[PDB]
Peer 1: 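My questions all concern the structure below.
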Amino acid sequence: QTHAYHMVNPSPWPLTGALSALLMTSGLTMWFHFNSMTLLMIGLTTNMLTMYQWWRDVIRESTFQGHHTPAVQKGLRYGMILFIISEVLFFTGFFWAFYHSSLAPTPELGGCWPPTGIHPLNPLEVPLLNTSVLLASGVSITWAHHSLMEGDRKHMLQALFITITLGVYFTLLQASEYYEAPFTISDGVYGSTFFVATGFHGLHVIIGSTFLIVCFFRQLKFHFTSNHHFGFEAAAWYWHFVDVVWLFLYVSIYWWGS
Amino acid sequence: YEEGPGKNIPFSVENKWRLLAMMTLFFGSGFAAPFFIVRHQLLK
Amino acid sequence: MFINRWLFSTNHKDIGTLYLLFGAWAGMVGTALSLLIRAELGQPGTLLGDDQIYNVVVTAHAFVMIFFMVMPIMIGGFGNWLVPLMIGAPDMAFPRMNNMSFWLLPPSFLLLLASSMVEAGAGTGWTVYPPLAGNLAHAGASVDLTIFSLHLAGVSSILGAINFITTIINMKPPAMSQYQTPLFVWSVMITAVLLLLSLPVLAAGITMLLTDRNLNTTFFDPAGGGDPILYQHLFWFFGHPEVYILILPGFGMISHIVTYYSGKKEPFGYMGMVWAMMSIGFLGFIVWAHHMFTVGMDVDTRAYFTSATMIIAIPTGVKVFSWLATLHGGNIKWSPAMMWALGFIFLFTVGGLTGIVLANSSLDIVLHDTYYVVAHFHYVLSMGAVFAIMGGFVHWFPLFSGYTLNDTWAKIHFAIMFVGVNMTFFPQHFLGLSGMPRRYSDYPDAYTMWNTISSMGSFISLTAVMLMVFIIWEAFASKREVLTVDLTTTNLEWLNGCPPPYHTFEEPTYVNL
Amino acid sequence: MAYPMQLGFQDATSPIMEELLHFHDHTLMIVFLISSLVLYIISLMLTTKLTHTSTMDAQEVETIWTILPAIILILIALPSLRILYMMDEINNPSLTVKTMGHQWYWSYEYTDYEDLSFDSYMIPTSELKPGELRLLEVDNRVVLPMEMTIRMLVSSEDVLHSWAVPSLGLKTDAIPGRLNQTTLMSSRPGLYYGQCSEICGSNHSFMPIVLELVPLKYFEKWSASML
Amino acid sequence: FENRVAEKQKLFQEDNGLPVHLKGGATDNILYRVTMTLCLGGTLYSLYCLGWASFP
Amino acid sequence: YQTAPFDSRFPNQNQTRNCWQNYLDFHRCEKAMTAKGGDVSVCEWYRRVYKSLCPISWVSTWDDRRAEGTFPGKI
Amino acid sequence: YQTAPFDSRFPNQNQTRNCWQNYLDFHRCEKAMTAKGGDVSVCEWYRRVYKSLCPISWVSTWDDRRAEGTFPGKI
Amino acid sequence: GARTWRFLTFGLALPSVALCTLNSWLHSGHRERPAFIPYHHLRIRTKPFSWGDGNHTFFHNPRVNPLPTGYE
Amino acid sequence: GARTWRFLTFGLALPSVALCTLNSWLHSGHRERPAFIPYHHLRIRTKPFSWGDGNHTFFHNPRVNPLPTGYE
Ligand code: HEA
Ligand code: HEA
Ligand SMILES: CCCCC/C=C/C/C=C/C/C=C/C/C=C\CCCC(=O)O[C@H](COC(=O)CCCCCCCCCCCCCCCCC)COP(=O)(O)OCCN
Ligand SMILES: CCCCC/C=C\C/C=C/C/C=C\C/C=C\CCCC(=O)O[C@H](COC(=O)CCCCCCCCCCCCCCCCC)COP(=O)(O)OCCN
Ligand SMILES: CCCCCC/C=C/CCCCCCCCCC(=O)O[C@H](COC(=O)CCCCCCCCCCCCCCC)COP(=O)(O)OC[C@@H](O)CO
Ligand SMILES: CCCCCC/C=C\CCCCCCCCCC(=O)O[C@H](COC(=O)CCCCCCCCCCCCCCC)COP(=O)(O)OC[C@@H](O)CO
Ligand SMILES: CCCCCCCCCCO[C@@H]1O[C@H](CO)[C@@H](O[C@H]2O[C@H](CO)[C@@H](O)[C@H](O)[C@H]2O)[C@H](O)[C@H]1O
Ligand SMILES: C[C@H](CCC(=O)O)[C@H]1CC[C@H]2[C@@H]3[C@H](O)C[C@@H]4C[C@H](O)CC[C@]4(C)[C@H]3C[C@H](O)[C@]12C
Ligand code: CUA
Ligand SMILES: [O-][O-]
Ligand SMILES: [Cu+2]
Ligand SMILES: [Mg+2]
Ligand code: NA
């Protein structure tokens with residue numbers, strides 16, 4: 001070749017990923033209807049195996065084999081931005097459901113929001129702490145980015161460790177919140193919107209935290225250069241996305257919706 | 001990998017009658033499936 | 001070697017071939033379902049059973065034709081084959097992710113065929129509105145399997161959109177601006193932006209339906225303070241963009257076919273065509289509630305959605321007039337592909353115009369949920385999208401295969417299909433105006449003559465589908481190997497021969513400033 | 001009702017359906033004209049040995065192609081929106097009737113004074129009286145006064161339905177938890193037929209609507225007889 | 001820790017004809033066979049479950 | 001009284017809140033008149049309007065819930 | 001009756017809306033009772049509360065504005 | 001620079017977290033649970049949950065989450 | 001590039017202005033003025049205005065702006 005683009009070796013992971021999607025969906029069906037978790041646990045296992053081997057191969061192709069020329073890196077930048085946009089539009093649907101329900105409360109609710117019998121969480125207690133936690137993690141991940149660009153291994157690792165710690169703290173606070181909440185997912189449209197929107201957000205926090213932990217271990221193994229570290233950039237963009245979705249949840253559901 | 005006409009496909013065109021059999025099974029299976037699903041639902 | 005090449009592909013051409021094979025198979029399924037619909041309606045009375053079995057067939061017909069036939073052929077098939085060749089790129093940006101877009105579709109299709117085999121199927125309409133699609137009126141796994149089918153199809157198209165946008169922005173020759181890319185490439189980029197923004201909203205909505213069915217949420221259940229009409233908003237926020245997704249790549253193929261067979265180097269008013277496609281893509285996001293004129297929205301809302309919907313006629317008319325101006329002064333080659341494209345221009349215009357009729361909320365009160373809507377969308381889908389697919393197929397078959405079709409057979413095929421679709425759908429205008437509802441297994445006696453004629457048309461279309469399979473067999477059976485094609489100076493996809501080598505543009509094109 | 005070999009709308013029974021007929025005639029003239037012009041221009045492009053294959057300037061013609069359609073759209077939208085606002089105009093109804101959709105029949109409530117309610121089921125084909133219409137007759141018709149403004153309220157006690165009467169220009173979705181309003185005014189006595197217009201399961205094809213329009217005096221006798 | 005990237009660059013650039021998913025050695029083969037066995041086996045199991053669920 | 005007149009508070013096709021408001025207004029008024037021992041004929045307008053507009057099954061469900069102590073509106 | 005009890009609708013130092021709401025409630029009730037020709041004595045609780053809480057000059061100004069046709073609250 | 005972002009991390013962001021942690025750990029005592037009222041818009045059961053006895057939410061807390069029939 | 005921002009100017013931005021200009025043109029025409037009511041929170045006069053007779057606002061429109069004493 002006399003172009004800078006990456007011709008990828010034939011790979012089984014697209015097929016194992018597609019089949020993991022079949023096993024997870026057929027598995028959810030078999031769990032909801034036929035009282036069995038077997039297919040679902042196979043599908044979850046093959047999904048994690050697929051993601052592990054696929055992203056391992058991308059590390060092999062880039063850090064170890066040198067296939068990520070500037071043109072390849074530019075493509076991955078577009079790919080990650082477009083992925084984040086699709087995730088923004090997914091959340092938009094849940095915000096639309098929330099505003100629909102809350103702005104026009106039906107007679108079944110008492111014609112009011114919050115509904116009769118719903119005792120919202122105090123937005124000034126754990127939800128405010130969770131807000132300080134994710135905002136603080138946006139500061140620490142920025143410190144990590146600058147440390148990496150300045151060639152500072154120790155301070156990049158410290159800043160990234162602090163970012164991960166804050167992501168874990170948010171997750172444990174939210175788990176505790178969920179258990180303490182006097183309302184459930186079955187408490188009408190209030191519970192439905194609360195748990196499905198914050199629940200998909202919590203999943204993204206766990207995904208984002210996992211991505212940061214991958215970057216931490218890659219940094220420990222010296223994969224990143226001071227100039228070439230797209231996995232770290234992508235994880236940071238994803239992490240800022242997760243923060244911003246939280247700020248919208250906090251203002252919309254916890255504060256305005258209380 | 002083999003290149004050129006009749007070589008860039010996951011089916012053989014080496015023999016036109018074997019091909020006719022494969023194409024018949026391929027398009028015929030797809031066309032038949034809804035008739036057999038309807039039969040399946042009616043037999044419940 | 002066979003498994004490495006066809007199951008583990010990282011090649012844009014082989015993946016395009018898998019998508020064309022998949023879509024051709026899906027088209028046979030969708031055709032069979034269309035014939036069962038028209039067999040039920042072909043004489044007054046009941047043929048199969050009550051509205052449940054009938055609407056399981058109608059629902060599956062729509063999902064198969066949209067998600068498994070049109071989108072895989074146009075975007076996965078022609079898109080993967082032609083886009084990299086038309087920009088001199090060595091493959092797609094994400095050649096391995098591309099393979100997963102493909103392999104998600106057989107599992108998606110399996111989930112839909114499982115929906116129809118368990119319990120009494122999903123007799124919901126392709127819109128899957130609650131509460132009929134909820135866990136009381138559709139108890140059991142069918143609707144959940146439909147939802148999961150749509151999740152897998154959704155992920156396939158979202159990843160494919162990311163791939164096409166990245167490839168088209170990042171992998172052109174450095175001298176080539178976006179305003180030097182072919183219209184088919186523009187049509188795929190814009191379609192991919194519509195998919196990226198619309199499918200996640202559908203995914204949110206059908207996820208809420210899943211949780212209402214299985215986790216005791218009440219998004220759409222008034223008992224919990226939910227609203228069935230919220231589902232409709234979320235569905236149609238996707239569903240209107242979805243019909244522009246179905247036609248835009250078709251517009252791109254038509255621009256290439258009309259230019260090619262008019263003997264022109266270029267389509268008329270290139271920047272107007274780009275403007276028109278971007279305008280249609282944008283307007284397509286602000287019109288969705290024209291699917292909801294009878295649900296009880298405010299009059300000012302209905303006035304807005306009437307007005308915004310009608311605006312789409314302006315950019316659309318620029319494309320139609322630009323295709324006519326491309327023919328203008330041509331040395332016309334009356335190829336089978338040109339016949340499909342000329343049929344497209346006329347029949348798409350008719351269906352577009354019945355769309356403008358329906359845009360009027362006041363008249364829509366009487367036309368909504370009638371066969372007038374069915375007539376509108378089959379002119380634009382079974383005559384627009386399908387004619388663009390058939391024209392593209394007969395034009396590019398020799399590029400993909402290295403073999404020529406028999407042009408006389410392909411003309412016979414066009415003639416049969418033209419009669420069949422017009423006999424099928426033209427009389428459905430009368431059925432609609434006279435008040436025949438959608439999703440009916442049987443009709444009052446007055447509607448017999450036009451249902452009889454419509455059903456006879458569907459059989460003529462079946463005869464064309466059968467002939468098409470023969471015609472493809474005859475080309476592979478006879479092995480007439482392509483030597484040359486004309487107009488390669490303005491049709492780069494042909495310049496590596498027929499078929500092009502597995503790897504093309506290993507040495508990129510030279511383009512200076 | 002529809003008659004055999006019908007091409008167009010059922011004869012208008014309400015002033016708003018008359019308005020819609022005139023509006024459709026206007027819009028269909030434009031559809032025919034544009035369809036015909038495009039077919040004619042295709043034939044004109046295809047019927048000459050004369051050629052011009054060099055680059056053509058598009059700017060001048062695209063003014064015509066955007067302005068003329070924009071004018072045509074305004075000429076459709078003006079009468080369209082006039083009728084839209086007419087069908088929303090404040091009127092003072094003299095009667096309110098409710099209909100509730102069910103799988104698979106309609107119930108009617110006349111609760112202005114008395115608590116009158118009843119169910120309205122399709123007459124099976126095997127039970128039709130000679131000369132009665134397959135899939136369209138019901139046991140209990142919606143008795144209403146003619147030449148009077150009536151408020152119909154529509155809801156459902158299960159899944160979506162839609163309450164339609166084409167000859168009166170009416171189609172209002174029946175949504176559980178929601179009370180949708182339309183206005184009904186018949187210019188004539190008689191029987192006016194419609195059919196459920198939202199997919200609602202097994203018997204969606206088989207839950208029709210029949211209005212029986214009678215002079216007020218007969219409506220009052222019928223109401224009094226229901227006590 | 002010490003920077004051992006050069007030694008991984010040498011392994012993954014060895015001219016041995018292996019595709020990148022197998023180039024780490026025998027452990028790659030084991031993990032591949034585990035993954036594909038679970039995917040193909042699970043898919044066969046899902047078809048069985050369909051056959052069962054398609055009848056009362 | 002023939003039927004509920006046009007109400008500029010509820011001018012649109014969705015009349016749900018019209019039925020709800022008149023049902024609440026009737027029962028709030030009837031509680032106030034019973035509370036001082038006043039007279040429920042004062043509440044008659046609200047009674048006619050909600051009886052006219054509200055589905056029988058809505059009135060019957062709301063009535064049952066008021067008796068159960070599960071009515072979610074404030075009376 | 002000694003004075004206006006605590007009202008959980010108005011738990012803060014700013015009691016302006018408490019005076020206002022009770023003044024509105026009294027005059028709305030009085031209109032409802034005078035209209036059907038019922039008994040204004042059912043309105044007594046609102047009267048006692050607004051007289052307890054509301055400055056004399058506020059009540060006097062509001063009464064003048066109702067007589068003038070310039071009172072901006074809905075009665 | 002890295003120095004500035006570290007200064008913000010330790011001088012502003014973590015102090016904020018510490019203050020919100022103190023605020024939370026001062027309002028952390030159990031609220032008094034409200035009388036059970038069997039409202040028809042709450043404790044929704046259209047299908048049994050796919051775990052336990054079908055009637056307990058996934059993160060059911062006996063102290064504050066009543067069943068359809070009331071507190072356990 | 002300039003080319004793209006000109007395309008947006010003529011292809012999206014000015015068409016939007018043309019459409020909103022049409023919208024405004026159609027909904028123009030004098031709405032009927034409401035009954036004068038001498039509300040004490042309106043037509044405030046704590047000090048004469050420093051122009052005209054002290055009692056007319058700066059862009060006083062006799063058709064729709066009553067004085068404290070009503071329409072002129
Ligand atoms: C692309 C979309 C599409 C296509 C092509 C069609 C094609 C057809 N449809 Fe349609 N149909 C829908 C989408 C489509 N349909 C949708 C969305 C609904 C509404 C569902 C609902 O109400 O919920 C619907 C509903 C619908 C109804 C109304 C059902 C009712 O309300 O009760 C009827 C009635 O006749 C009908 C009939 C047909 C017929 C006879 C064809 C025939 O014209 C088909 C003939 C065959 C073909 C056109 C060829 C197909 C194959 C290919 C193109 C592959 C070619 C191969 C290669 C290129 C290799 N369909
Ligand atoms: C490819 C698919 C496709 C395309 C491109 C379109 C294009 C359009 N559609 Fe359609 N539509 C469907 C597929 C499509 N539609 C489907 C599947 C449904 C049913 C969904 C369901 O309920 O299942 C549907 C339903 C639907 C409805 C809802 C009706 C109802 O359910 O009651 C409406 C309402 O406005 C609508 C309008 C339009 C309009 C205005 C266009 C415009 O984009 C058309 C513009 C084109 C032209 C106008 C012709 C070319 C222009 C000229 C030659 C210039 C001059 C013209 C004028 C001056 C008018 N369509
Ligand atoms: C702690 C931080 C956040 C943790 C996140 C959640 C943990 C477990 C599950 C993870 C997946 C989350 C995604 C969102 C899905 C739905 C519900 C999750 C929210 C949650 O955890 O909500 C809980 C309920 O969970 C339930 O029902 C059980 C949920 C388990 C089964 C859910 C199955 C549904 C899966 C839907 C998949 C759709 C995927 C879409 C892909 C789109 C592609 C186009 C709330 O507990 P509760 O007792 O009602 O109230 C508390 C009372 N003390
Ligand atoms: C199209 C908009 C352009 C605005 C031009 C109009 C007038 C002059 C200058 C305006 C400057 C902007 C704000 C100043 C305050 C008030 C004017 C507000 C805008 C206006 O023009 O308001 C008009 C009133 O103008 C009046 O009183 C006019 C009063 C004129 C005297 C202005 C007093 C200046 C105030 C001092 C400025 C202080 C600056 C602070 C600097 C900060 C430094 C730290 C409205 O007319 P009307 O008849 O009441 O109602 C319409 C009925 N048909
Ligand atoms: C256990 C917890 C349960 C939860 C399970 C669900 C999934 C969790 C997954 C967490 C994601 C981990 C992603 C790891 C990616 C590692 C590979 C990587 O980062 O690859 C980098 C490229 O980026 C790239 O492909 C970018 C690749 C971006 C991937 C984006 C990931 C977001 C994934 C979302 C998953 C779906 C969520 C949807 C929910 C509805 C490699 O290039 P560089 O970094 O420049 O290095 C090269 C230099 O060394 C040269 O000097
Ligand atoms: C109800 C349950 C249904 C769930 C269905 C789940 C569906 C499928 C199972 C998912 C299996 C995923 C396995 C990992 C996929 C990784 C893709 C990836 O990371 O793709 C990358 C490109 O996309 C990019 O960057 C940026 C994009 C990264 C996308 C990551 C994949 C996410 C998959 C879920 C999508 C969620 C959609 C959310 C929006 C609604 C790399 O592209 P390749 O072509 O590989 O290599 C190119 C070489 O140059 C690299 O060296
Ligand atoms: C490498 C690919 C992997 C191969 C696939 C492995 C196949 C697993 C075989 C076991 O199958 C299971 O059998 C269980 C019992 O034998 C079922 O229990 C369920 O069904 C029981 C029926 O007795 C009920 O008690 C309960 O619903 C529940 O325990 C369960 O559904 C089912 O999965
Ligand atoms: C061992 C390594 C030395 C740098 C190098 O390998 O050259 C140092 C540098 C940064 C250190 C990490 C960071 O200081 C952040 C964390 C601090 C915690 O107290 C221990 C774990 C923690 C995650 C540290 C582990 C270990 O001591 C690290 C990883
Ligand atoms: Cu009731 Cu359709
Ligand atoms: O959707 O038209
Ligand atoms: Cu639409
Ligand atoms: Mg409808
Ligand atoms: Na039938």
Side-chain angles (χ1 to χ4, degrees), chain C residues 290-291 293-294 299 302-303 305-307 309-310 312-313 349-380 425-438 446-447 450, chain D residues 1-3 5-37 69 71-88 162 164-172 182-188 192-195 197:
Chain C
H290 64 224
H291 298 279
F293 286 145
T294 66
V299 68
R302 288 186 272 123
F305 278 101
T306 289
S307 295
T309 301
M310 281 201 300
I312 294 162
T349 291
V350 174
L353 288 168
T354 64
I356 290 294
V357 175
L358 288 169
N360 294 286
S361 52
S362 281
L363 242 205
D364 191 60
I365 297 303
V366 178
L367 299 179
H368 178 68
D369 244 295
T370 82
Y371 264 83
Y372 197 95
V373 180
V374 183
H376 155 60
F377 69 74
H378 286 98
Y379 268 73
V380 292
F425 295 112
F426 186 76
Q428 295 182 359
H429 297 101
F430 307 146
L431 288 177
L433 294 175
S434 63
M436 189 186 167
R438 286 178 64 179
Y447 300 116
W450 306 131
Chain D
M1 64 185 291
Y3 43 83
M5 292 187 51
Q6 185 172 332
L7 299 183
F9 285 113
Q10 292 172 223
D11 280 12
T13 310
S14 68
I16 289 279
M17 190 59 221
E18 291 182 68
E19 294 279 0
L20 290 179
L21 288 182
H22 296 310
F23 173 67
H24 180 250
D25 288 345
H26 168 76
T27 311
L28 178 54
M29 194 194 76
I30 295 166
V31 169
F32 280 146
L33 236 20
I34 297 166
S35 287
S36 295
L37 181 66
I71 290 178
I72 295 163
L73 291 182
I74 296 175
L75 289 176
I76 296 168
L78 262 27
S80 180
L81 294 178
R82 173 185 43 95
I83 299 165
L84 187 67
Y85 281 92
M86 296 179 132
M87 308 178 306
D88 198 70
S162 191
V165 186
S167 66
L168 294 179
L170 306 176
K171 183 173 299 111
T172 297
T182 190
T183 296
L184 192 155
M185 210 301 292
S186 187
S187 298
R188 305 199 312 274
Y192 301 97
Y193 291 84
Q195 299 183 278
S197 296

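Below, all heavy atoms of this structure are taken into account, side chains as well, without hydrogens, waters or symmetry copies. Letters A, B, ... mirror the listed sequences (proteins, then strands); counts begin at 1.
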Peer 1: Would you call the rings of C/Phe426 and C/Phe430 parallel, tilted or perpendicular if under 30° counts as parallel and over 60° as perpendicular?
Peer 2: perpendicular
Peer 1: Please round to the nearest 0.5 Å and tell me the distance separating atom OG of D/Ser35 and atom CG of D/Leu28.
Peer 2: 9.0 Å
Peer 1: Would you confirm whether D/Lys171, through its side chain, and D/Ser197, through its main-chain N or O, come within 3.5 Å as a donor-acceptor pair?
Peer 2: no
Peer 1: Determine the sole option in D/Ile16, D/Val165, D/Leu170 for which the side-chain contact (heavy atoms from CB on, under 4.5 Å) test with D/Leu184 is passed.
Peer 2: D/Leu170
Peer 1: Would one find more than 12 heavy atoms of other residues, nucleotides or ligands at under 6.0 Å from atom OH of D/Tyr85?
Peer 2: yes
Peer 1: Within the side chain of C/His378, is there an N or O that forms a donor-acceptor pair under 3.5 Å with the backbone of C/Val374?
Peer 2: yes
Peer 1: May I ask you to test the C/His376-C/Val380 pair for a side-chain heavy-atom distance under 4.5 Å?
Peer 2: yes
Peer 1: Rounded to the nearest 0.5 Å, what's the gap from OG on D/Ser14 to CZ on D/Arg188? Could you check?
Peer 2: 9.5 Å
Peer 1: Taking all atoms of both residues into account, what is the closest heavy-atom pair of D/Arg82 and D/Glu19, and its distance?
Peer 2: NH1-OE1, 3.0 Å
Peer 1: Taking all atoms of both residues into account, what is the closest heavy-atom pair of C/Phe293 and C/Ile365, and its distance?
Peer 2: O-CD1, 3.7 Å
Peer 1: So, taking the atom named CE in C/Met436 and the one named CD in D/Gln195, what distance separates them when rounded to the nearest 0.5 Å?
Peer 2: 8.5 Å
Peer 1: Yes or no on side-chain contact (heavy atoms from CB on, under 4.5 Å) for D/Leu33 and D/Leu37, after CA distance, side-chain angles and deciding distance?
Peer 2: CA-CA 6 Å; D/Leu33 236 20; D/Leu37 181 66; over 6 Å; no
Peer 1: Under the criterion side-chain contact (heavy atoms from CB on, under 4.5 Å), I'd like the reasoning laid out for D/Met17 against C/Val366: C-alpha separation, chi angles, the key distance, then a yes or no.
Peer 2: CA-CA 9 Å; D/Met17 190 59 221; C/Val366 178; 4.0 Å; yes
Peer 1: Using modelled atom types and a 3.5 Å cut-off, is there a donor and acceptor pairing between side-chain atoms of C/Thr306 and backbone atoms of C/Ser361?
Peer 2: yes
Peer 1: Taking the side chain from D/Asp88 and the backbone from D/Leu84, do they hold a donor-acceptor pair closer than 3.5 Å?
Peer 2: no
Peer 1: Check whether any side-chain N or O of C/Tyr447 sits under 3.5 Å from a backbone N or O of D/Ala2 as a donor-acceptor pair, and report yes or no.
Peer 2: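 Checking the backbone N and O of D/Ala2 against the side chain of C/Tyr447, no donor-acceptor pair under 3.5 Å is found.
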Peer 1: Does C/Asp369 reach the side chain of C/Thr294, with side-chain heavy atoms less than 4.5 Å apart?
Peer 2: no
Peer 1: How long is the gap from CE on C/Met310 to NE2 on C/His290, to the nearest 0.5 Å?
Peer 2: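 So the gap between those two atoms works out to 12.5 Å.
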Peer 1: What distance separates D/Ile83 CD1 from D/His22 NE2, expressed to the nearest 0.5 Å?
Peer 2: 9.5 Å
Peer 1: Is the shortest heavy-atom distance from the side chain of C/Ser307 to the side chain of D/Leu81 under 4.5 Å?
Peer 2: yes
Peer 1: Go through it in stages, so that I can follow the logic: the residues are C/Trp450 and D/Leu7, the test is side-chain contact (heavy atoms from CB on, under 4.5 Å), and I'd like the CA-CA distance, side-chain angles, deciding distance and then a yes or no.
Peer 2: CA-CA 9 Å; C/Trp450 306 131; D/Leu7 299 183; 3.6 Å; yes
Peer 1: Within the structure provided, determine whether D/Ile76 and C/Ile356 are in side-chain contact (heavy-atom separation under 4.5 Å).
Peer 2: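 When only atoms from C-beta onward are counted, C/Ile356 and D/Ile76 do touch, with a gap below 4.5 Å.
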Peer 1: Once you round to the nearest 0.5 Å, how far does CZ of D/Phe9 lie from OG of D/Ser167?
Peer 2: 12.0 Å
Peer 1: Do the side chain of C/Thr370 and the main chain of C/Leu367 share a donor and acceptor less than 3.5 angstrom apart?
Peer 2: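 Side chain of C/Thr370 to backbone of C/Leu367, a donor-acceptor pair under 3.5 Å: yes, one is there.
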Peer 1: Hey, mind stepping through C/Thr349 and C/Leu353 against side-chain contact (heavy atoms from CB on, under 4.5 Å) and telling me if it holds?
Peer 2: CA-CA 6 Å; C/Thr349 291; C/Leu353 288 168; 3.8 Å; yes
Peer 1: Once you measure the plane-to-plane angle for C/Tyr379 and C/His429, does it fall in the parallel (<30°), tilted (30-60°) or perpendicular (>60°) bin?
Peer 2: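 Because their plane-to-plane angle lies in the 30° to 60° range, the rings of C/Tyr379 and C/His429 count as tilted.
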Peer 1: Looking at D/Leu75, is its backbone amide N or carbonyl O close enough to the side chain of D/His26 to form a donor-acceptor pair, meaning the two atoms are under 3.5 Å apart?
Peer 2: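 Side chain of D/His26 to backbone of D/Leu75, a donor-acceptor pair under 3.5 Å: yes, one is there.
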Peer 1: Does D/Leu168 reach the side chain of D/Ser186, with side-chain heavy atoms less than 4.5 Å apart?
Peer 2: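 The answer is yes; the side chains approach within 4.5 Å.
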